[PDB]
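First come two forms of one protein chain, each written alone as structure tokens, so that there is a structure 1 and a structure 2.
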Structure 1
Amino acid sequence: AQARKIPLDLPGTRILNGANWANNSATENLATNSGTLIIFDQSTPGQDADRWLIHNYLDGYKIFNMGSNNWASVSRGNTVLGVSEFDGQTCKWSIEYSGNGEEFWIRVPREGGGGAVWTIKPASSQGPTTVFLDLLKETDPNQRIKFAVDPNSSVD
């Protein structure tokens, strides 16, 4: 294996923060204004709501939930949501290797780098957690993302 490799174009990738994984549900409406929280938890709310697909997008990446058909997006209050409508201005991400183990930061794309990163708090909840953007703290475990690809991740 190679630590630095992102699992691109691998349907059924799971996105983990420690033992919690990212989930996202389909919106009621699918309007330009629609979106649902990305929830880190150890429960999956619906069929393949825990399954993701990462693709190149321009000079970063787009992150797609295969259960909800939503894009991971910044929204109000620096909250990270899934949205049905793709917007290059809100749905593009930098994915940067931490230098440690299998862990990455998912960052706001910024000219000259240093964008805010996915932050999963409350830090010490044993229930569902939401995602917001905060300044990178290099060793903060609440900002460390890993990707899990099972050999049956694409199998349906």
Structure 2
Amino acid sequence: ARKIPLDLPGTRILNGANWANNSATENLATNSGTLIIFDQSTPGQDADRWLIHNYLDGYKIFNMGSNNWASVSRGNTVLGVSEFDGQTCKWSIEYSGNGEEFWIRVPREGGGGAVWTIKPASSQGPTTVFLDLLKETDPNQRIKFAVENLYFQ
């Protein structure tokens, strides 16, 4: 509950009422990562289901449908990448102090890493994940983990 659900591959990642989806690329040329889309609809089998596991001093976040890891992009966004990279796929997961909400943060020595920030990309959506400086009162930065056979079945 202030507990991160590890090794539970049916876990949904929520911001508010929306949950995170990811899909494997259909592009032919080399792809640098796919968007993490927050909504209340799921695009493909298991696209909304995530596995969180320890990785060194942090965590790795894996999508069961896309076979991608959530990763720090070079453009201050969070994208799903098809191969694990320890330099981009490790996250700090820090309890916010409220409820069951957490911040998912770029690892940074001394703290202060930028955090997952769920925002519409345009007035027409979609709503995706950015890496912005932490504002402790910003609802768009608060992440919750909804466990299968608890909040939903």
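In this text, the rigid core denotes the largest set of C-alpha atoms whose superposition between the two forms falls within 1.5 Å. Each residue is numbered by where it sits in the sequence of structure 1, with counting from 1.
Trainee: Superposing on the core, which single option in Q42, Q47, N29, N100 has a CA shift of 2 Å or more between structures 1 and 2?
Mentor: It is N29; the other listed residues stay below 2 Å.
Trainee: Does the distance between the two CA positions of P122 reach 2 Å or more between structures 1 and 2, the core being superposed?
Mentor: The answer is yes, as the C-alpha of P122 shifts between structures 1 and 2 by 2 Å or more after core alignment.
Trainee: Following alignment on the rigid core, what Cα displacement (Å) is computed for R76 between structures 1 and 2?
Mentor: A shift of 3.0 Å at the C-alpha.
Trainee: Give the rigid core superposed Cα shift of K62 between structures 1 and 2, in Å, rounded to one decimal.
Mentor: Reported C-alpha shift between structures 1 and 2: 0.2 Å at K62.
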